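Asker: This structure is in structure tokens; I'll ask about it shortly.
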Amino acid sequence: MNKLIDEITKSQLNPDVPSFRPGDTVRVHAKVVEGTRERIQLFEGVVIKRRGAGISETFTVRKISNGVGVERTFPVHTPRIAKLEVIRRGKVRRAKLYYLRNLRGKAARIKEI
Amino acid sequence: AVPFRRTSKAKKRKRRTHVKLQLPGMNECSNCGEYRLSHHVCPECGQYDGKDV
Amino acid sequence: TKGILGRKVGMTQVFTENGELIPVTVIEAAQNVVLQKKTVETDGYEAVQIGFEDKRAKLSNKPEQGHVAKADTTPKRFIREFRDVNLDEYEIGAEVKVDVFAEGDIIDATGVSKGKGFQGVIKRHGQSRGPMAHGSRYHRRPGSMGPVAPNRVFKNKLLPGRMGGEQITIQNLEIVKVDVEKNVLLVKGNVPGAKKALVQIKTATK
Amino acid sequence: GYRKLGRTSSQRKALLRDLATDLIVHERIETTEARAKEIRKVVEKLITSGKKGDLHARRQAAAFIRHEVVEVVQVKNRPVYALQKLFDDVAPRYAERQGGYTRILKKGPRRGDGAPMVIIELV
Amino acid sequence: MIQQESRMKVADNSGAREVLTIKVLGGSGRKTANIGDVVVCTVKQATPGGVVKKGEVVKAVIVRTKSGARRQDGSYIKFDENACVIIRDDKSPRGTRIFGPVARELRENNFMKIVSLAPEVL
RNA sequence: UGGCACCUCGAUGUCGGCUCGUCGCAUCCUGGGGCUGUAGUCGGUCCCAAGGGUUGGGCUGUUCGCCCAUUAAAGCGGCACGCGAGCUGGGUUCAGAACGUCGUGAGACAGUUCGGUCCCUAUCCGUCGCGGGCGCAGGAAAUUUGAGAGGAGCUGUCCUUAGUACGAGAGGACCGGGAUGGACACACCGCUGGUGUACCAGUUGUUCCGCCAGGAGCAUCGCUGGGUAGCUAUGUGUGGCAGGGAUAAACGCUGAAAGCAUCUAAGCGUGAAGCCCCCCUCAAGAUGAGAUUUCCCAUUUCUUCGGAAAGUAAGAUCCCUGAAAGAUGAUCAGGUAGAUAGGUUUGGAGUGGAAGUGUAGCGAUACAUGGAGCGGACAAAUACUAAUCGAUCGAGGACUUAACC
Ligand SMILES: [Mg+2]
Ligand SMILES: [Mg+2]
Ligand SMILES: [Mg+2]
Ligand SMILES: [Mg+2]
Ligand SMILES: [Mg+2]
Ligand SMILES: [Mg+2]
Ligand SMILES: [Mg+2]
Ligand SMILES: [Mg+2]
Ligand SMILES: [Mg+2]
Ligand SMILES: [Mg+2]
Ligand SMILES: [Mg+2]
Ligand SMILES: [Mg+2]
Ligand SMILES: [Mg+2]
Ligand SMILES: [Mg+2]
Ligand SMILES: [Mg+2]
Ligand SMILES: [Mg+2]
Ligand SMILES: [Mg+2]
Ligand SMILES: [Mg+2]
Ligand SMILES: [Mg+2]
Ligand SMILES: [Mg+2]
Ligand SMILES: [Mg+2]
Ligand SMILES: [Mg+2]
Ligand SMILES: [Mg+2]
Ligand SMILES: [Mg+2]
Ligand SMILES: [Mg+2]
Ligand SMILES: [Mg+2]
Ligand SMILES: [Mg+2]
Ligand SMILES: [Mg+2]
Ligand SMILES: [Mg+2]
Ligand SMILES: [Mg+2]
Ligand SMILES: [Mg+2]
Ligand SMILES: [Mg+2]
Ligand SMILES: [Mg+2]
Ligand SMILES: [Mg+2]
Ligand SMILES: [Zn+2]
């Protein structure tokens with residue numbers, strides 16, 4: 001923690017992000033930049049973790065597609081997220097939900113507040 | 001792991017040139033009038049910083 | 001070819017215009033002034049002497065107060081020299097601001113490494129261990145010291161000692177952002193030293 | 001980075017609890033140098049907890065004070081314990097004082113092993 | 001991170017069902033391959049009647065890994081098992097269908113047919 | 001492979017591996033060149049070159065070898081077949097037992113098979129780091145030159161030039177430009193991860209705090225789920241980029257000896273990953289002890305001149321608070337001319353919704369007060385506590401000559 005770092009980096013923080021905590025479903029409108037193309041693809045899943053402070057904060061979203069589970073990590077304040085929505089608000093008793101990595105369907109389901 | 005040759009007197013004393021011990025860092029208490037260690041409570045008048053403890 | 005002295009503050013990251021994310025290190029370089037100018041006909045070489053950070057009237061003795069009073073300004077804390085620099089600039093007593101660098105320049109960072117104490121040979125020189133099982137009794141030892149013939153052991157036989165604390169420079173290091181009014185300087189990468197270490201920034205030799 | 005005192009984690013915590021309670025009761029004890037330099041912080045944090053004066057703070061402090069009798073008063077004989085003294089006598093003394101409830105005074109080496117002894121008191 | 005003696009599932013329609021890696025191509029002392037790298041490998045378990053038989057030495061590309069890759073923009077992707085696709089001398093798969101998601105790094109290595117055949121390219 | 005029997009039988013430990021290497025050139029790769037049965041691609045042989053490189057496995061105690069899969073390449077040798085007061089003992093080479101064979105027999109076979117105690121606190125030199133003393137013709141504080149010496153010199157693939165030059169076709173370029181890797185090295189913790197025994201939470205048994213509630217001790221930190229600062233790689237940033245001088249092999253110009261010719265005799269020009277430079281680090285004990293800027297000045301007494309001691313100046317240290325440093329010294333930040341350490345008040349990471357009370361439920365339990373409570377090492381203010389008081393060391397600058405002070 002340093003105050004000079006905070007003053008330098010305060011400009012690039014994103015004020016348009018909503019409030020979410022680990023354990024609820026989100027939808028990420030990530031941008032996919034090709035060589036000369038711009039497209040937006042959707043990634044939807046439950047957030048597993050959220051760590052760090054300041055501009056260097058990241059969160060992780062988990063999704064099961066075609067049987068194989070996929071985890072994709074994003075910086076919180078990246079300009080490559082067009083929009084981030086909070087779909088559900090799950091109920092959890094942990095800050096890191098790593099136990100979901102060893103659970104298949106119908107046992108990884110999360111309640112709703 | 002065992003001495004090849006015994007050590008002479010000159011070499012023994014040369015090694016022992018650094019095995020002395022230093023002089024204490026003391027001066028005289030203003031109230032006592034005799035010697036005491038700096039930053040320590042003098043044991044004669046039982047005072048530090050001009051105040052008894 | 002221009003240079004300043006600086007104080008390493010920390011390390012963070014910034015987003016570029018293209019959206020990519022890069023790590024940067026923050027260096028603040030306030031209060032540094034030009035003190036002396038060495039010429040070929042007086043000293044035998046050309047250099048500029050820069051004093052970086054000022055300190056109290058106490059902690060500074062009479063000789064160095066006289067040296068700084070040969071110019072203006074109060075006594076400083078760090079003083080270094082820069083060679084291979086133009087002397088037509090740098091009027092005596094004039095301050096040097098971070099604006100001497102522009103975004104996209106290439107610099108060389110010099111400093112003193114972090115200190116590690118008495119360190120072994122697996123860590124200091126990156127050697128390899130022996131087996132940890134199969135009845136072995138040889139884990140983290142230096143090795144053999146050479147042939148029987150010389151009746152001695154050669155030089156540059158690497159052995160345990162004091163590891164860190166040496167001077168290190170890294171080259172071709174890019175500069176990202178310059179902010180004049182905060183007297184800071186953002187450099188992409190990392191530079192040798194702990195926090196609050198003196199860092200010497202100069203234009204890349206190559 | 002605090003300080004290991006030549007003893008394991010469970011042993012170290014037991015030592016710190018003993019010296020902290022001995023300083024509350026007697027208010028003037030004589031120990032070695034590093035040992036006193038370490039108990040200084042825990043005693044001062046404990047006195048801050050007493051300054052708060054809450055029930056939650058009382059439970060926090062009770063999870064550290066050793067349960068021993070300071071002295072007995074004729075209210076009917078009713079002993080007073082160390083926590084009662086901490087929350088009724090020691091804490092109100094420094095209500096107007098923010099920090100630094102202890103001082104360290106140096107003595108000189110011990111005879112048996114040359115340890116540098118000091119005297120630490122709460123004033 | 002996959003080096004010699006690692007076993008990893010195959011994710012195509014050829015006869016193979018499990019594959020043990022033999023060598024990592026592309027250097028002298030190279031000891032680790034990741035997504036988009038070709039490896040020489042042998043077929044340990046195969047399905048009956050397939051085109052690729054048990055005990056065969058083939059080379060194949062790595063499609064998904066337990067520890068994935070990071071992009072230039074600072075994001076990461078990680079899967080839940082190691083998979084593989086058996087390829088020809090050129091970069092064309094021997095099978096006809098591909099199962100499961102596929103990393104996006106195959107586009108930059110010009111594995112176009114595999115990416116096209118994949119159900120989902122992440 | 002042998003011959004001899006000169007040192008060692010009052011002991012010179014003997015095979016393969018492991019760790020660490022270092023030299024030679026009779027060069028495996030990369031660099032330069034001559035000849036070619038050199039059309040091109042791919043090659044062969046020789047000359048100059050030792051600067052860096054020169055794999056991972058199956059079988060065997062194996063060196064060696066055969067095989068699988070790669071690579072620019074998977075060089076040959078010396079150093080007590082380098083290296084056991086550095087490691088392992090699978091093999092050789094003790095005592096047990098068994099097979100084949102030999103012997104009447106005890107036993108034997110460098111035929112085979114199973115099992116079989118590897119001791120030592122480093123004195124001197126040597127090697128790697130760290131201090132004290134004196135020297136450098138006054139005493140000090142900083143900044144430096146560089147004689148010398150170490151470090152690093154590795155290399156692939158793809159695109160374009162161009163289907164161009166070449167060639168009947170088949171096939172298919174040198175030179176040049178761009179992109180991106182393998183192995184290695186240095187630094188660092190913003191990112192991905194590891195640890196994190198004075199951080200947060202769940203939980204089993206039993207004992208304790210008089211009881212409930214709330215907590216504490218022991219059980220590997222009792223176990224389990226996370227994790228701050230520091231330390232880290234498998235993580236990130238960067239490097240071997242472009243070049244200069246003189247040359248080796250070789251190719252030439254001008255040119256006589258020898259009216260021609262001739263690369264040589266006098267004289268010039270090209271020419272290598274090699275030599276000396278460029279790049280990084282150490283470096284004035286470099287007794288040849290160097291240089292620049294600044295500070296203190298010329299005191300008092302004893303002497304046979306020579307010289308001696310004794311208060312000091314600039315300055316430093318003893319002592320004390322420490323960490324960005326550290327085995328101990330040392331180095332750095334400070335000592336009231338104060339933010340050096342602890343405390344206190346605000347914060348941050350991390351954990352995850354404290355105690356008390358209330359409501360719902362017969363009960364386990366759930367909800368609210370409330371992103372609550374706790375919060376080692378991280379940040380900022382604050383003199384509240386400890387750096388109080390003192391003491392010690394430390395210069396008056398030899399002689400000769402020259403310009404001239
Ligand atoms: Mg958080
Ligand atoms: Mg310096
Ligand atoms: Mg062991
Ligand atoms: Mg010799
Ligand atoms: Mg315990
Ligand atoms: Mg004879
Ligand atoms: Mg003998
Ligand atoms: Mg040769
Ligand atoms: Mg040739
Ligand atoms: Mg070589
Ligand atoms: Mg096997
Ligand atoms: Mg040998
Ligand atoms: Mg021999
Ligand atoms: Mg020999
Ligand atoms: Mg030996
Ligand atoms: Mg030993
Ligand atoms: Mg018989
Ligand atoms: Mg046995
Ligand atoms: Mg010295
Ligand atoms: Mg030199
Ligand atoms: Mg063709
Ligand atoms: Mg980290
Ligand atoms: Mg109870
Ligand atoms: Mg008990
Ligand atoms: Mg744990
Ligand atoms: Mg268990
Ligand atoms: Mg070069
Ligand atoms: Mg030349
Ligand atoms: Mg000098
Ligand atoms: Mg600190
Ligand atoms: Mg000081
Ligand atoms: Mg403080
Ligand atoms: Mg609650
Ligand atoms: Mg009820
Ligand atoms: Zn006294």
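In the structure tokens, chains take letters A, B, ... by order of appearance, with residues numbered from 1 within each chain and ligands from 1 in the order shown.
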Neighbouring residues of ligand 1 are defined here as those with any atom at most 8 Å from a ligand atom, counting only C-alpha atoms (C1' of nucleotides) and all ligand atoms; list them as number ranges by chain.

Answerer: A: 50-53; F: 349-350

Asker: Show me which residues sit within 10 Å of ligand 25 when counting only C-alpha atoms (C1' of nucleotides) and all ligand atoms, and put them as a count of residues only.

Answerer: 8

Asker: Kindly assemble as a tab-separated table a list of the chain B residues that lie within 9 Å of chain D, each paired with its nearest atom pair and their distance in Å to one decimal, using only C-alpha atoms, sorted first by chain and then by ascending residue number.

Answerer:
```
residue	atom	partner	partner_atom	distance
B:37	CA	D:108	CA	8.7
B:39	CA	D:106	CA	7.3
B:40	CA	D:106	CA	5.1
B:41	CA	D:107	CA	5.8
B:42	CA	D:107	CA	8.0
B:43	CA	D:107	CA	8.3
B:48	CA	D:105	CA	8.4
```

Asker: For ligand 31, collect every residue having any atom at a distance of at most 9 Å from a ligand atom (counting only C-alpha atoms (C1' of nucleotides) and all ligand atoms); output as a PyMOL selection string.

Answerer: (chain C and resi 59) or (chain F and resi 334-335)

Asker: Would you give me, as a ChimeraX atom specification, the residues in chain E that DSSP reads as strand (DSSP E)?

Answerer: /E:7-10,16-24,38-46,57-62,69-70,76-78,83-86,101-102,120-121

Asker: Please, could you write that set of residues out with N, CA and C atoms as a compact mmCIF listing (two decimals), in the first residue's frame?

Answerer:
```
# COMPACT_ATOMS: atom_id res chain seq x y z
N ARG E 7 0.54 -38.85 -19.66
CA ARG E 7 -0.61 -39.43 -20.32
C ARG E 7 -1.69 -38.37 -20.44
N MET E 8 -2.38 -38.35 -21.58
CA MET E 8 -3.41 -37.35 -21.78
C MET E 8 -4.43 -37.85 -22.78
N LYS E 9 -5.70 -37.55 -22.51
CA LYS E 9 -6.81 -38.03 -23.32
C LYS E 9 -6.73 -37.46 -24.73
N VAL E 10 -7.32 -38.18 -25.67
CA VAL E 10 -7.44 -37.71 -27.05
C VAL E 10 -8.86 -37.22 -27.26
N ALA E 16 -7.63 -43.89 -31.35
CA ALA E 16 -6.97 -43.74 -30.06
C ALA E 16 -7.96 -43.28 -28.99
N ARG E 17 -7.65 -43.61 -27.74
CA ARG E 17 -8.51 -43.22 -26.63
C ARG E 17 -7.66 -42.66 -25.49
N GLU E 18 -6.38 -43.02 -25.46
CA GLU E 18 -5.44 -42.48 -24.49
C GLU E 18 -4.05 -42.53 -25.11
N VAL E 19 -3.22 -41.56 -24.75
CA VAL E 19 -1.95 -41.31 -25.43
C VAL E 19 -0.88 -40.99 -24.40
N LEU E 20 0.29 -41.62 -24.54
CA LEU E 20 1.46 -41.30 -23.73
C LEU E 20 2.47 -40.54 -24.58
N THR E 21 2.93 -39.40 -24.08
CA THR E 21 3.85 -38.56 -24.84
C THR E 21 5.27 -39.09 -24.75
N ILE E 22 5.99 -39.01 -25.87
CA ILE E 22 7.32 -39.57 -26.00
C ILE E 22 8.38 -38.47 -26.06
N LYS E 23 8.17 -37.47 -26.91
CA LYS E 23 9.17 -36.45 -27.16
C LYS E 23 8.46 -35.13 -27.41
N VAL E 24 9.18 -34.03 -27.15
CA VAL E 24 8.69 -32.69 -27.41
C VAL E 24 9.54 -32.10 -28.52
N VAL E 38 3.27 -29.49 -30.90
CA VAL E 38 3.21 -30.84 -31.43
C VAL E 38 4.16 -31.73 -30.65
N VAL E 39 3.70 -32.94 -30.33
CA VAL E 39 4.49 -33.90 -29.55
C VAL E 39 4.39 -35.27 -30.20
N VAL E 40 5.50 -36.00 -30.21
CA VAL E 40 5.50 -37.39 -30.63
C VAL E 40 5.00 -38.25 -29.48
N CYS E 41 4.15 -39.22 -29.79
CA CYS E 41 3.45 -39.94 -28.74
C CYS E 41 3.08 -41.33 -29.23
N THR E 42 2.72 -42.19 -28.28
CA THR E 42 2.35 -43.57 -28.56
C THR E 42 0.95 -43.84 -28.03
N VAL E 43 0.24 -44.75 -28.70
CA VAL E 43 -1.14 -45.05 -28.38
C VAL E 43 -1.17 -46.18 -27.36
N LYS E 44 -1.72 -45.90 -26.18
CA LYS E 44 -1.79 -46.87 -25.10
C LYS E 44 -3.12 -47.61 -25.07
N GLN E 45 -4.23 -46.88 -25.10
CA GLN E 45 -5.56 -47.47 -25.14
C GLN E 45 -6.27 -46.99 -26.40
N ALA E 46 -6.89 -47.91 -27.12
CA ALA E 46 -7.55 -47.60 -28.37
C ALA E 46 -8.91 -48.27 -28.41
N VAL E 57 3.11 -45.30 -33.11
CA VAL E 57 3.86 -44.08 -32.84
C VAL E 57 3.35 -42.99 -33.78
N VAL E 58 2.74 -41.96 -33.21
CA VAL E 58 2.15 -40.87 -33.97
C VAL E 58 2.53 -39.55 -33.32
N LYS E 59 2.38 -38.46 -34.07
CA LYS E 59 2.58 -37.13 -33.53
C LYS E 59 1.27 -36.36 -33.53
N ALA E 60 1.07 -35.54 -32.51
CA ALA E 60 -0.23 -34.96 -32.24
C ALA E 60 -0.06 -33.62 -31.54
N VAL E 61 -1.10 -32.80 -31.63
CA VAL E 61 -1.08 -31.44 -31.11
C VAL E 61 -1.81 -31.40 -29.78
N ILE E 62 -1.44 -30.45 -28.93
CA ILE E 62 -2.06 -30.28 -27.62
C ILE E 62 -3.14 -29.21 -27.73
N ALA E 69 -3.06 -20.72 -20.71
CA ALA E 69 -2.19 -19.67 -21.20
C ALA E 69 -2.77 -18.32 -20.84
N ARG E 70 -1.93 -17.29 -20.91
CA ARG E 70 -2.35 -15.92 -20.69
C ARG E 70 -2.32 -15.15 -22.01
N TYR E 76 -6.52 -14.90 -18.38
CA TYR E 76 -6.03 -16.27 -18.33
C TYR E 76 -7.16 -17.24 -18.61
N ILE E 77 -6.81 -18.45 -19.02
CA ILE E 77 -7.79 -19.51 -19.26
C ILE E 77 -7.18 -20.84 -18.82
N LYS E 78 -7.93 -21.60 -18.03
CA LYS E 78 -7.47 -22.89 -17.53
C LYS E 78 -8.58 -23.92 -17.66
N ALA E 83 -5.87 -32.70 -22.96
CA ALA E 83 -6.40 -33.35 -24.15
C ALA E 83 -5.44 -33.18 -25.31
N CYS E 84 -5.75 -33.89 -26.39
CA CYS E 84 -4.83 -34.06 -27.51
C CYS E 84 -5.63 -34.39 -28.76
N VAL E 85 -5.08 -34.03 -29.92
CA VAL E 85 -5.69 -34.36 -31.20
C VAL E 85 -4.60 -34.87 -32.14
N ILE E 86 -4.80 -36.05 -32.70
CA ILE E 86 -3.80 -36.67 -33.56
C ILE E 86 -3.88 -36.06 -34.95
N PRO E 101 -14.35 -28.19 -25.55
CA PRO E 101 -13.87 -26.86 -25.94
C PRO E 101 -12.40 -26.89 -26.36
N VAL E 102 -12.01 -25.86 -27.10
CA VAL E 102 -10.67 -25.74 -27.66
C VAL E 102 -10.16 -24.33 -27.39
N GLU E 120 -16.70 -25.59 -29.61
CA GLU E 120 -16.61 -24.28 -28.98
C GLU E 120 -15.14 -23.90 -28.86
N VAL E 121 -14.78 -22.75 -29.40
CA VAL E 121 -13.41 -22.26 -29.37
C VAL E 121 -13.36 -21.11 -28.38
```

Asker: For chain A, which residues have at least one atom within 8 Å of chain F, if we go by only C-alpha atoms (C1' of nucleotides)? Write them as a list in words, please.

Answerer: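 Result, ordered by chain then number: residues 1, 2, 3, 52, 53, 56, 93, 94, 95 and 96 of chain A.
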
Asker: Got a sec to check which residues lie within 8 Å of ligand 9, using only C-alpha atoms (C1' of nucleotides) and all ligand atoms, and send them as a list in words?

Answerer: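 Protein and nucleic-acid residues within 8 Å of ligand 9: residues 33, 34 and 45 of chain F.
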
Asker: Store the residues picked out above in a file with N, CA and C atoms (P, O5', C5', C4', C3', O3' and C1' of nucleotides), as a PDB file, in the first residue's frame.

Answerer:
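Heads up, here's the output in selection-v3.pdb:
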```pdb
ATOM      1  P     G F  33      34.416 -16.965 -47.887  1.00  0.00           P
ATOM      2  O5'   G F  33      35.699 -17.822 -48.280  1.00  0.00           O
ATOM      3  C5'   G F  33      36.842 -17.195 -48.838  1.00  0.00           C
ATOM      4  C4'   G F  33      38.030 -18.124 -48.912  1.00  0.00           C
ATOM      5  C3'   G F  33      38.045 -19.140 -50.037  1.00  0.00           C
ATOM      6  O3'   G F  33      38.403 -18.590 -51.291  1.00  0.00           O
ATOM      7  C1'   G F  33      38.745 -20.165 -48.034  1.00  0.00           C
ATOM      8  P     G F  34      38.014 -19.365 -52.640  1.00  0.00           P
ATOM      9  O5'   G F  34      39.063 -20.560 -52.733  1.00  0.00           O
ATOM     10  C5'   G F  34      40.367 -20.339 -53.249  1.00  0.00           C
ATOM     11  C4'   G F  34      41.157 -21.620 -53.368  1.00  0.00           C
ATOM     12  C3'   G F  34      40.625 -22.667 -54.330  1.00  0.00           C
ATOM     13  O3'   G F  34      40.935 -22.391 -55.682  1.00  0.00           O
ATOM     14  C1'   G F  34      41.257 -23.701 -52.309  1.00  0.00           C
ATOM     15  P     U F  45      34.960 -36.315 -46.546  1.00  0.00           P
ATOM     16  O5'   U F  45      36.257 -35.685 -47.212  1.00  0.00           O
ATOM     17  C5'   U F  45      37.217 -36.507 -47.851  1.00  0.00           C
ATOM     18  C4'   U F  45      38.278 -35.678 -48.523  1.00  0.00           C
ATOM     19  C3'   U F  45      39.030 -34.711 -47.627  1.00  0.00           C
ATOM     20  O3'   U F  45      40.072 -35.330 -46.896  1.00  0.00           O
ATOM     21  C1'   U F  45      38.342 -33.592 -49.580  1.00  0.00           C
TER      22        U F  45
END
```

Asker: Just want the 8 Å neighbourhood of residue 291 of chain F, counted on only C-alpha atoms (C1' of nucleotides), with same-chain residues fewer than 6 positions away dropped. Output as an MDAnalysis selection string.

Answerer: (chainID C and resid 43) or (chainID F and resid 144:145)

Asker: For atom 1 (Mg, counted along the ligand's line) of ligand 20 and atom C1' of residue 282 of chain F, determine how far apart the two atoms are, in Å to one decimal place.

Answerer: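 Interatomic distance, atom 1 (Mg, counted along the ligand's line) of ligand 20 to atom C1' of residue 282 of chain F: 11.1 Å.
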
Asker: Show me which residues are within 8 Å of ligand 16 counting only C-alpha atoms (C1' of nucleotides) and all ligand atoms, and format the list as a list in words.

Answerer: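 With only C-alpha atoms (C1' of nucleotides) and all ligand atoms and a cut-off of 8 Å, ligand 16 is contacted by residues 1 of chain B; 85 and 122 of chain F.
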
Asker: Grab the atom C1' of residue 195 of chain F to atom CA of residue 168 of chain C distance for me, in Å with one decimal place.

Answerer: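 So the answer is 28.4 Å.
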
Asker: Tell me the residues of chain A close to chain E, meaning within 6 Å using only C-alpha atoms, as a list in words.

Answerer: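 In the required form, that comes to residues 66, 69, 70, 71, 72, 73 and 74 of chain A.
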
Asker: Using the selection just defined, write its residues with C-alpha atoms as a PDB file, in the first residue's frame.

Answerer:
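Below you can see part_18.pdb, which holds the result:
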```pdb
ATOM      1  CA  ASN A  66     -19.365 -29.748 -23.210  1.00  0.00           C
ATOM      2  CA  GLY A  69     -15.007 -27.260 -16.936  1.00  0.00           C
ATOM      3  CA  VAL A  70     -13.387 -24.002 -18.032  1.00  0.00           C
ATOM      4  CA  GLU A  71     -12.093 -21.223 -15.781  1.00  0.00           C
ATOM      5  CA  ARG A  72     -11.212 -17.818 -17.217  1.00  0.00           C
ATOM      6  CA  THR A  73      -9.567 -15.027 -15.211  1.00  0.00           C
ATOM      7  CA  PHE A  74     -10.040 -11.309 -15.875  1.00  0.00           C
TER       8      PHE A  74
END
```
